[PDB]
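First the structure, in the form of structure tokens, and then the observations on it.
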Amino acid sequence: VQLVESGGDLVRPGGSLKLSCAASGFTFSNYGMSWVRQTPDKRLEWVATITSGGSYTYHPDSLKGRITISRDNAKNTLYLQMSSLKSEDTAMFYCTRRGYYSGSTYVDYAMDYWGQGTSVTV
Amino acid sequence: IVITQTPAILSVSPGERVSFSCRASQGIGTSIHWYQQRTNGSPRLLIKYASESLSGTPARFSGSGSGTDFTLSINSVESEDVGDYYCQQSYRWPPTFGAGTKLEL
Amino acid sequence: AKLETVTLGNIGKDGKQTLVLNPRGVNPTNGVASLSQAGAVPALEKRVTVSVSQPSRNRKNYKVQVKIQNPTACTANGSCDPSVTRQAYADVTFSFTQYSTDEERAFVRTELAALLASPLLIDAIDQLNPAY
Amino acid sequence: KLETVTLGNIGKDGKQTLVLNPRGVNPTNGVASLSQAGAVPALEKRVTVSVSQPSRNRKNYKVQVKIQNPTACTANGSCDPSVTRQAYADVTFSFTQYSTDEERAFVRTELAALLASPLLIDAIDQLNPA
Amino acid sequence: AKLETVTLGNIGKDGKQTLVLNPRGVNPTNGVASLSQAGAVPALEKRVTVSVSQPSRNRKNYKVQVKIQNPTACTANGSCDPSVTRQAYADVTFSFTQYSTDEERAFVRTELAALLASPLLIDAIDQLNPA
């Protein structure tokens, strides 16, 4: 099962970029991915989700205008639209699966079948 | 919630078991996970919802805990099962992961 | 009553955007044939209804009606919410008589399309100016 | 769309099978009725499902599905195959208008697979209240 | 009136999810046996009620009823409160008669399950397109 992405240029500060991952094996309309950022020394933090249809897009409260996700159900790919890059939040990206959810809240969540990773660096 | 876990580093022989203590600041209704970051790759699941073991995990891994302090209690350290064991929590709002833990022999 | 996924080409503020619509069933209560946009939420999707009618002994005329309902819903700031905000209705109603030929009917339809493309009407609608 | 629908592996022991050919929508209320072909005008097991749209009064979708299957009776010297006992079963959901698809399906599936669990099965087969 | 923690296997949009339910007591007011999901909040939990009934001289029939109530909450709305937002009801009501045998009753139940698994009904429900 492959979840390969490619958006890994060296981008000037203040700029923008666009990156996408393909998916095989998993029927793409059945699920909803999410991006997860790994800060390049150790730690991790959640970027944003989308639902199965592509309408509800969930963000965190810390960054609001900087990120928008579009979901392309026809080509089994989703696009992460990144804009107004800040300095020092350049780190590797991964895409999750939403494999094993439960609970009442949507973002009660589980993450299997991680991606390979592409660096974004300023 | 500030999720913390207490061992920053660790060393055991390949015969002896070990536990990873984790602690939640606010009570979580048995909704955490465990990931297994290897050296030069990507994480994967070990323990689902703090007790449920998957099929993809080896049977050596086992986790328990209810309410506040959660842990995984790996019973046999097989050689070259090492890396970085992150913790994650799914309650409240922004899910936030752990800091990190080493598991060198 | 044939239906298909209808693409709309070169509709936008610039004329570069495209739209895709999929059919979602004829309602047999009142002849309303609906088309919609491929979304999960049933209340955050652009929809287009069309309903040809029949003459009774009450009104004695054909009455073709097309409704368009575009609902723009704004961002929900707190975390996750989403809520519809404003509506943008649109109505088209032809009142074709019994003995009309198809030439004058297509003349009315082509006239309405070309007048929707006129500079005067996009002055009136897109900028909300009164007539000049 | 409509289709000939065939139930598979369904019965007390699960070895039975069923098949239907839709009898067509009734225009007046929108009820869409499937039927299982049985020659008689009235002994047929029939199943009807019609989904509404939120009206001015209530504002939420209300999918509703009936299933009503009757039964035969014996010869009384006149061969008429009369009907005696009905067995209606209805199912209704009412998700609100903002619900996303994932939420909606989840409830549908759960209802379906809940019935297979023994707790429901004892109650339904055997009328012994849980 | 036996009860136990009931697991639900392969229920989801994909069929990979599992659910666990624990019993929370028979209400003797109206025969309602409830099962619930293991949560702390009494208003943010998926719950399943079931109630076999009895015939009086009013209605003269058995009346089995199953309700399912799923509520999905929404998170912070400018404060950390996890408040409720939407409901999703579900109702199943059998109306079995007195002289029914168990074969036709189990036939109705198996028929309802297999029709819930049909492609036509998930076309009607999961996508809301009228059929």
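Please note that chains go A, B, ... in the order of the structure tokens, that every chain numbers its residues from 1, and that ligands are numbered from 1 in the order shown.
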- Task: Identify every residue of chain A that has at least one atom within 9 Å of any atom of chain C, counting only C-alpha atoms, and report the result as JSON, numbers by chain.
- Result: {"A": [52, 53, 54, 55, 56, 57, 58, 59, 60, 61, 64]}
- Item | Filtered DSSP result for range 14-121 of chain D, state alpha helix (DSSP H), as a count of residues only | 20
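Distance annotation: of A:3, A:92, A:107, A:33, the residue with the minimal separation from chain B is A:107; atom set is only C-alpha atoms.
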- Query: What residues in chain D have any atom no more than 6 Å from chain E when counting only C-alpha atoms, and can you write them as a PyMOL selection string?
  - Reply: chain D and resi 10-12+51+87-95+104-106+109-110+112+125+129-130
- Task: Pick out the residues sitting within 7 Å of residue 73 in chain A, and hand them over as a list in words; count only C-alpha atoms, and ignore anything fewer than 3 positions along from it in its own chain.
- Result: residues 28, 29, 76 and 77 of chain A
Put those residues in a file: N, CA, C and O atoms, as a CSV table (one decimal), in the first residue's frame.
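Ended up saving to out16.csv:
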chain,number,residue,atom,x,y,z
A,28,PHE,N,-10.5,5.6,-2.2
A,28,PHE,CA,-10.2,6.9,-1.6
A,28,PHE,C,-11.5,7.6,-1.2
A,28,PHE,O,-11.5,8.4,-0.3
A,29,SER,N,-12.6,7.3,-1.8
A,29,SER,CA,-13.9,7.9,-1.4
A,29,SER,C,-14.4,7.4,-0.1
A,29,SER,O,-15.3,8.0,0.5
A,76,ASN,N,-7.8,10.0,-6.6
A,76,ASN,CA,-7.3,9.4,-5.4
A,76,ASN,C,-6.2,10.2,-4.7
A,76,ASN,O,-5.3,9.7,-4.1
A,77,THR,N,-6.3,11.5,-4.9
A,77,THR,CA,-5.3,12.4,-4.3
A,77,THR,C,-5.9,13.6,-3.6
A,77,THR,O,-7.0,14.0,-3.9
Wanna dump the chain A-chain B contacts at 12 Å for me, each residue with its shortest atom pair and the distance in Å to one decimal, counting only C-alpha atoms, ordered by chain and number, as a Markdown table?
| residue | atom | partner | partner_atom | distance |
| --- | --- | --- | --- | --- |
| A:3 | CA | B:42 | CA | 11.6 |
| A:36 | CA | B:97 | CA | 10.5 |
| A:37 | CA | B:97 | CA | 10.9 |
| A:38 | CA | B:42 | CA | 10.3 |
| A:39 | CA | B:99 | CA | 11.1 |
| A:41 | CA | B:100 | CA | 10.7 |
| A:42 | CA | B:100 | CA | 7.1 |
| A:43 | CA | B:99 | CA | 5.8 |
| A:44 | CA | B:97 | CA | 6.2 |
| A:45 | CA | B:96 | CA | 6.0 |
| A:46 | CA | B:95 | CA | 6.7 |
| A:47 | CA | B:94 | CA | 9.5 |
| A:48 | CA | B:94 | CA | 9.7 |
| A:49 | CA | B:94 | CA | 11.1 |
| A:58 | CA | B:94 | CA | 10.2 |
| A:59 | CA | B:94 | CA | 8.9 |
| A:60 | CA | B:94 | CA | 6.4 |
| A:61 | CA | B:94 | CA | 8.2 |
| A:62 | CA | B:94 | CA | 9.7 |
| A:63 | CA | B:94 | CA | 11.8 |
| A:92 | CA | B:42 | CA | 10.8 |
| A:93 | CA | B:42 | CA | 10.5 |
| A:94 | CA | B:42 | CA | 8.5 |
| A:95 | CA | B:42 | CA | 10.5 |
| A:96 | CA | B:44 | CA | 10.2 |
| A:97 | CA | B:44 | CA | 11.4 |
| A:99 | CA | B:45 | CA | 10.7 |
| A:100 | CA | B:48 | CA | 8.3 |
| A:101 | CA | B:49 | CA | 9.8 |
| A:102 | CA | B:31 | CA | 9.3 |
| A:103 | CA | B:31 | CA | 9.0 |
| A:104 | CA | B:91 | CA | 10.5 |
| A:105 | CA | B:91 | CA | 8.7 |
| A:106 | CA | B:90 | CA | 10.2 |
| A:107 | CA | B:90 | CA | 7.3 |
| A:108 | CA | B:90 | CA | 5.1 |
| A:109 | CA | B:90 | CA | 6.1 |
| A:110 | CA | B:33 | CA | 7.6 |
| A:111 | CA | B:45 | CA | 7.4 |
| A:112 | CA | B:44 | CA | 5.9 |
| A:113 | CA | B:44 | CA | 6.6 |
| A:114 | CA | B:42 | CA | 6.3 |
| A:115 | CA | B:42 | CA | 6.9 |
| A:116 | CA | B:42 | CA | 6.5 |
| A:117 | CA | B:42 | CA | 8.0 |
| A:118 | CA | B:42 | CA | 11.6 |
- Counting only C-alpha atoms, chain C residues within 8 Å of chain D, as a PyMOL selection string: chain C and resi 27-29+40-43
- Non-local contacts of range 85-92 of chain C (9 Å; only C-alpha atoms; under 6 positions in same chain excluded) as a list in words: residues 64, 65, 66, 67, 68, 69, 70, 71, 72, 73 and 74 of chain C
